[PDB]
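Commentary on secondary and tertiary structure
So the chains spell out like this:
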Amino acid sequence: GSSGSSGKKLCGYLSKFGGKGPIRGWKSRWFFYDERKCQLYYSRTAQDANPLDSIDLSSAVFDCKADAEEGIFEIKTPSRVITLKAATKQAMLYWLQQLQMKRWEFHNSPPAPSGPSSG
């Protein structure tokens, strides 16, 4: 079944592009997924327990920029399209794939509980 170590949450430092600010550019922001509301929360630093904002992945679509060669991606949501980039090209791949697991799963999850479980 399972072994090794527990607590393999999904977290990591990403760079947010110009958005909701006076100027444009990338900024080192701390991003971390939440297993409570199934949303992606991010703050200034890992010490800032208080998440600056959150993005519902349930209805979010991750995409790769034209210059992905460096490792850039974008999360398109029905609320606000965010633009985050990873360390390298192989970095984002991990986020895009993982991020999905959370969402994709919810979709796979079975219907209302208390099923028949007969036979």
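Conventions and cut-offs
Residues numbered from 1 in each chain as written, not as in the entry; some residues may be left out. Heavy atoms only, no water. Helix = DSSP H or I, 4+ residues; strand = E, 2+ residues; numbered from the N terminus. Contact = heavy atoms within 4.5 Å. Areas by Shrake-Rupley, 256 points an atom, 1.4 Å probe, with all protein chains shown as cover. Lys, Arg positive; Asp, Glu negative; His and termini not counted. Charge placed at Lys NZ, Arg CZ, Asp CG, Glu CD. Pairing = 2+ DSSP bridges. Axes fitted to C-alpha atoms, helices over the stretch in contact; angles between N-to-C directions.

In the PDB archive, solution NMR is given as the structure determination method for this entry.

A count of helices and strands for the protein chain gives 1 helix and 7 strands. Written out in order from the N terminus, the α and β elements of the protein chain read β-β-β-β-β-β-β-α. In the protein chain, once contacts between residues fewer than 6 apart in sequence are set aside, the share between residues at least 24 apart is 27%. Roughly 8,600 Å² of accessible area belongs to the protein chain as shown, and the carbon and sulfur atoms make up 48% of that amount. A distance of 4 Å separates the average location of the 17 positive side-chain charges in the protein chain from that of its 11 negative side-chain charges.

The strand order β4-β3-β2-β1-β7-β6-β5 describes an open sheet built from 7 strands, whose pairing is antiparallel. The open sheet is flanked by β4 (53–56) and β5 (61–64), the only strands paired with a single partner. Each adjacent strand pair in this sheet contributes to an overall mean axis angle of 35°, direction not counted. Of the strands in this sheet, β1 (11–16), β2 (27–34), β3 (39–43), β5 and β6 (72–76) touch helix α1 (residues 89–108), which is tilted by about 165° from β5.

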